[PDB]
Amino acid sequence: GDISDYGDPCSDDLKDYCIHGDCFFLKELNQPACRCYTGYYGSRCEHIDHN
């Protein structure tokens, strides 16, 4: 279920990678990777669904 167990916790540098996204550093990937949740938009998840 969780993700932290599958991938180590992002660093302070990634903590502010996305405006409204979740940062997760996957060990197996050995690289940064952020995912944009549903409802939000923007290059870095800066915009939000308001209409």
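Criteria and cut-off values
- Residues numbered from 1 in each chain as written, not as in the entry; some residues may be left out.
- Heavy atoms only, no water.
- 1 Å grid on protein atoms, 1.4 Å probe; cavity = no way out; pocket = protein on both sides within 12 Å on 5 of 7 lines; lining within 4 Å.
- Points joined across faces, edges and corners; volume = space filled by probe spheres on them.
- Helix = DSSP H or I, 4+ residues; strand = E, 2+ residues; numbered from the N terminus.
- Disulfide = S-S within 2.5 Å.
- UniProt positions renumbered as here; feature names shortened; annotations may be inferred.
- Buried < 20%, exposed > 50% of the residue type's maximum accessible area, 1.4 Å probe, protein only.

J.: Summarise the layout of surface pockets; cite the residues concerned and give the values.
T.: Within this model, the largest pocket holds a volume of roughly 200 Å³. Every residue along the wall of the largest pocket is listed here: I3, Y6, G7, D22, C23, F24, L26, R35, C36 and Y37. Elements represented by at least two residues in the lining of the largest pocket include exactly β1 (21-23) and β2 (34-36).

J.: Explain the UniProt feature "disulfide bond" in the chain to me, using residue names and the numbers behind them.
T.: At 2.1 Å, the distance between the sulfur atoms of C18 and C34 falls under 2.5 Å, matching the disulfide given in UniProt. One end of the pair, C18, is in the loop between α1 (12-15) and β1; the other, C34, is in strand β2, and 16 residues separate them in sequence. For the pair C18 and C34, a shared accessibility class is recorded, and that class is buried. In this model the annotated disulfide between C36 and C45 is intact, with an S-S distance of 2.1 Å against a 2.5 Å threshold.

J.: Any chance you could break down unusual backbone geometry for me, citing the residues and the numbers?
T.: For residues besides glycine, phi is generally negative; the peptide bonds are generally trans as well. Even without being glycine, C45 reaches a positive phi, approximately 65 degrees. Mapped onto the elements of the fold, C45 is located in the loop between β3 (40-41) and β4 (47-48). A positive phi angle is found at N51, which is not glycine, with a value near 55 degrees. Position of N51 relative to the elements: it lies in the segment after β4. The exposure class of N51 is exposed, given its relative accessible area of 98%.

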